[PDB]
Amino acid sequence: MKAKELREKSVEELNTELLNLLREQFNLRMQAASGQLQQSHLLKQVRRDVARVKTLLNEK
Amino acid sequence: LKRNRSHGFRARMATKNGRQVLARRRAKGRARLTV
Amino acid sequence: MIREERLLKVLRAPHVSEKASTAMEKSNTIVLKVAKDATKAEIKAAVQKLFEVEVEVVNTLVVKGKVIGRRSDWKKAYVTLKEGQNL
Amino acid sequence: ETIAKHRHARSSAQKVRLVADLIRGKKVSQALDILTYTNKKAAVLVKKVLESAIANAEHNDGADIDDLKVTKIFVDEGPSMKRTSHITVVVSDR
Amino acid sequence: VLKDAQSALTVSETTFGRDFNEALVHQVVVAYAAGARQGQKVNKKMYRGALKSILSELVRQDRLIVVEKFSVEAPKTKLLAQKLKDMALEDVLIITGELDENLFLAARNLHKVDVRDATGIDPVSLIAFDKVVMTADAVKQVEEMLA
Amino acid sequence: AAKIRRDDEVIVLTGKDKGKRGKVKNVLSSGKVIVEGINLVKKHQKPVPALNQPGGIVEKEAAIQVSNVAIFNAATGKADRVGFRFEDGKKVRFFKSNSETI
RNA sequence: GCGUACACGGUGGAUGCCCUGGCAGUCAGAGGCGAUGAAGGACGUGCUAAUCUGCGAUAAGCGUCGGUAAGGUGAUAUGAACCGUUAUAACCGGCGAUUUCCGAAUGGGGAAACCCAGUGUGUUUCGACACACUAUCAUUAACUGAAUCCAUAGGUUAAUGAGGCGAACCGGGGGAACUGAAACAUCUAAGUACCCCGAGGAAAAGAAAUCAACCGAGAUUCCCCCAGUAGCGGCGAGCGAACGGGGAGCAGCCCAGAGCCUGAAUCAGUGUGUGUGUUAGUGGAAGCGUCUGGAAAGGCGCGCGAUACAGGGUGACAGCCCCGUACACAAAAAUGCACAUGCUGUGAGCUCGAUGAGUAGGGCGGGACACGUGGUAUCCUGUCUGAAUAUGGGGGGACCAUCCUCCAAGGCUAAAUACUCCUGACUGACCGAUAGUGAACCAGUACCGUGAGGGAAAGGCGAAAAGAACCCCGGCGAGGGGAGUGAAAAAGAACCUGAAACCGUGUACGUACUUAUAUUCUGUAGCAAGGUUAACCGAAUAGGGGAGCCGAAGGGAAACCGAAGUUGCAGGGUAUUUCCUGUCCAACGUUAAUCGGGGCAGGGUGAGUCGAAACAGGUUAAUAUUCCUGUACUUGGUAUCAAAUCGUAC
């Protein structure tokens, strides 16, 4: 988890993070605004994942 | 607008009097030094 | 408008209200929150990219928060669709 | 022995005291009949207190409903911010 | 009167036999108590006189015991406990010369038992404890220092 | 390095549960220890139409300080001290009185 | 109608108890932070309506390495929802990235969190977006370069120390009044308050052309004694010394111009390896029964460890319940100090000569020096004069004679030393919410004032929320009564004990001279012609430290004859968003108001044709010519598309 995605090149990391931002964040926000999403751990999980991904791509 | 021009943060800080009164207010610890 | 990260950071979440509820069926109009900027073209492009719903007219207005405590003023956007509808 | 006290009543002490002075030592039914037509504002409050007391007594001491008698009714000055008051009623068959 | 070797010890009369001076002892103890970092200096000769007077008072009450030696083979508090139980001593003081590391280490936890060297003897320690156990070398060191 | 953890048997030294054994369920972040059948309470739950209210009076368990309970070992049948000792690769708890291994 | 005493209650806040708080000190660090963006603020920051705290669009957290690791997702303060449980849950620490805006702010404007620029690079779509750069002295050299051919003044280029904040202190320059003289001039007041300046953690000074004079030791820096003595002072109040005689520490050197042998201790910065601290941590002893007691840690009985009875929590005071203490250990990486170790530069002593020339001094005029130019001493002027070099110079105590450290016109010198904005540890015969801090509480908060500035009241449930289920009256509120948890509800949240003052019903009867410097007297005690030793050393009220302050085999005229004082103490006197929707009558309405001119939560403002271009109708509880209905109209690009931000209620 912490280092599983370290080896893969930058292009796939960028693709994954942009896909996450475009789909998961928007879906979670829509569900939260509409009253759905009884479980909110998805927001924290995606936020942590994107933070980890963007922390890379600069030192590499 | 006269109040802002006269006792504004920048208006005071322009002169040394504003800086010293700001330091005194900081020492006192009031939430707002000027407004 | 080559970059796509900027546009997707404008809209935050939809707004739910009785007037919005009536509008969703009166003319298939929706209300979506946006960021400080009021770039109508960018908002339309982002909506088209995300929901794949064509938009013809977007109406933007500014709302000031109510109080000392203060809240950031927010931009309200009404978007209408020809025939498609989305959540 | 049934006790019922209403606290923080928004009424001056003197008016409630002088209203209750006309009910102390008299039968519950007779006092109720007298106060049915009373127009004083404190009359409504004292009626509420006494009817609540009688209802509680019947709920817990339903026996001998007819012979209920007013025993110890009084008013005391209440918290001051229009000074409030506390109206207390103790009622029993004897 | 060593109580262990039936050996008598020679002591100066002026040390353990001088007349008790209540006022001087009271002044010295008051000064010592007040000299605990609360808002007194005492003359050296007055201090020596107070120490000699209190020692004489304790001697005439049979509250002081002298032994040939006092040491523990190992730094174990059990040995000291057994040794003090042998003489039926519970709240007593130990006065000696050079401080023994093992004995001091073992006696550290004992609230009722405290060990001190000849040079580090004070009226408070002597009075706070019912009896004191002393050694001949300690006796002569005290005689020399107090004069 | 808590001396009490999940899935253990303990005995309440004092607090109306003297001589009665129990099984520890969980320990609160503040040190409170919950042990089955040590202190039964009749808390009155606030009625609520939603959340599938059980109704009546809920018979849950209260919380007591860990100081009032002690580890129990079936080898001797009496509570004793518990210490920590280093094993070949890890550190594990152990009792006293010949130091039965956990 | 009242009174004489008690009980039952109320606004009630003194006493009693609690401290998650303050106040006074000691020991060490640091003794400052900051454009690679300081201190302080605005705004976001979670499943969340508000606060502390962390964080800064990666926003109660992200990457790597170590400890514990089965609980955790920080708390107020619950609830829904998840991960892991033997090493990728979470917590702590080293090393890094991110580090919104204002704030010296330093891209421009500007009103703090607001609006808008220029340069290079990055460009699946050169419309749009991302990173870096910006305003100041001269120095290195260059592009260069008027007056004035060269040259200079000046602009630019790549770097260097700075242009702010912060408690005290070093030294210097300015700088008033209040005061004794019952007012006042010289003094004191007072070099006091206050402003500025150089860098600092300490600073200045710091090693003799200094002192007595015919005898001596010479660095500066602080301290008791000398000495509160001389002297000054309407000789009154008061101020106030040194060569001299003891402790902390005591290191004097560099150039002065030539050489000799020289990379010879050593200086300053950077690797290597060890130890001891810091930045997470591990192990670390022992008991029960019995009786009250809600609960024992309380009484009683017998035992155990103790290198650990310091301390805290645990249903009442606990060595043997837990956390801890001493003690024994521990560092992947960073970090202060010690050394041996490698390198870029000064980097041992010896001989030859010397003591730093417009220099000291003097004449035209003034600085604080009481001395304003008076007989007038001290740096020097805008100005003139002005000999040397141990063979010479300065100083004297009567001058001649004779004596003394030393060599002035080049510099430095960490050692003992004042202070605490802050960090870590401890103590207090210090205080208990009108005390203690202005503030123990969401306090430098509410509140007052244009600003400056001034500045409060308000702390407490319960051992454990186990927070009164359930039922009834009641208006679905508010409130109360049964039952029950609870020891106790004479603990019910407006929540510790609860007195009076004031108001109700019943009961028996009539109707405020302060620490402190001295003087004197009283008691008490050591020693004894002796004791008393200050500052300091010090295993610390022990032992040393008699450079002092008094008395005395002396008295006496200095011819002569031959004993008892001090210091410790205690006692005393004297000298000084207002629009609408849902809720409510509680803060207000000169009665009530379930009414409102009143609080809370939500909603509402829609633009190419409102600021060359739009007319009529409809719209919700409030907005329109803006949203829909009929299309029309000005401009531009390619029948088709577009014309930004900003306010449209009152």
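For this deposition, the record names cryo-EM as the technique by which the model was determined and cites 4.86 Å as its resolution.

Quick look at the protein's contact with RNA strand G now. Lining the immediate surroundings of RNA strand G are 130 residues, of which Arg-5 and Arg-25 of chain B, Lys-5 of chain D together with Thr-14 and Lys-96 of chain F lie closest. A share of 71% is what sugar and phosphate atoms reach among the atoms of RNA strand G within 4 Å of the protein. Note that a phosphate oxygen of RNA strand G is positioned 2.3 Å from one of the side-chain N or O atoms of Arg-25 of chain B. Within the side chain of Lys-28 of chain B, a nitrogen or oxygen atom sits 3.2 Å from a phosphate oxygen of RNA strand G.

Turning to the nonpolar core, a few remarks are in order. Of all hydrophobic cores here, the largest spans 22 residues; its most connected members are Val-28, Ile-73, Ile-87 and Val-91 of chain D. Elements represented by at least two residues in this core include exactly β1 (2–9), α1 (13–20), α2 (28–36), α3 (41–61), β2 (69–77) and β3 (85–92) of chain D. The element best represented in this core is α3 of chain D, accounting for six residues. In this structure, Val-28 of chain D is in contact with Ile-54, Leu-68, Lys-69, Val-70 and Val-91 of chain D, ignoring residues within four places of it in sequence. Grouped together as the second largest cluster of nonpolar side chains are 19 residues, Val-25, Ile-54, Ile-95 and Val-142 of chain E included.

Okay, the interface of chain A and chain C next. Frequently, the measure chosen for interface size is the accessible area that the parts lose on association. Tallying the contact residues gives eight residues for chain A and twelve residues for chain C. Here chain A meets chain C over a buried area of about 910 Å², counting both sides, of which 76% is carbon and sulfur. Of all residues in chain A, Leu-22, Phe-26 and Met-30 of chain A give up the largest surface area on contact with chain C, accounting jointly for 55% of the area buried on that side. In this assembly, chain A and chain C are joined by zero salt bridges. Connecting chain A to chain C are zero residue pairs in polar contact. Across the side of chain A that touches chain C, the residue classes break down as six nonpolar, no polar and two charged.

A gap remains between chain B and chain C, with no contact made and the closest C-alpha atoms lying 11 Å from each other. The two units chain E and chain F remain apart, with a minimum C-alpha distance of 22 Å.

Rules used throughout
Residues numbered from 1 in each chain as written, not as in the entry; some residues may be left out. Chains lettered and ligands numbered in written order. Heavy atoms only, no water. Near = heavy atom within 4 Å. Polar contact = N/O pair within 3.5 Å; in protein donor to acceptor, adjacent residues only side chain to side chain. Core = buried A, V, L, I, M, F, W, Y, C linked by side-chain atoms within 4.5 Å. Buried < 20%, exposed > 50% of the residue type's maximum accessible area, 1.4 Å probe, protein only. Helix = DSSP H or I, 4+ residues; strand = E, 2+ residues; numbered from the N terminus. Contact = heavy atoms within 4.5 Å. Buried area = accessible area lost by both parts, 1.4 Å probe. Salt bridge = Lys/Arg side-chain N within 4 Å of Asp/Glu carboxyl O. Nonpolar A, V, L, I, M, F, W, Y, C, P; charged D, E, K, R; others polar.

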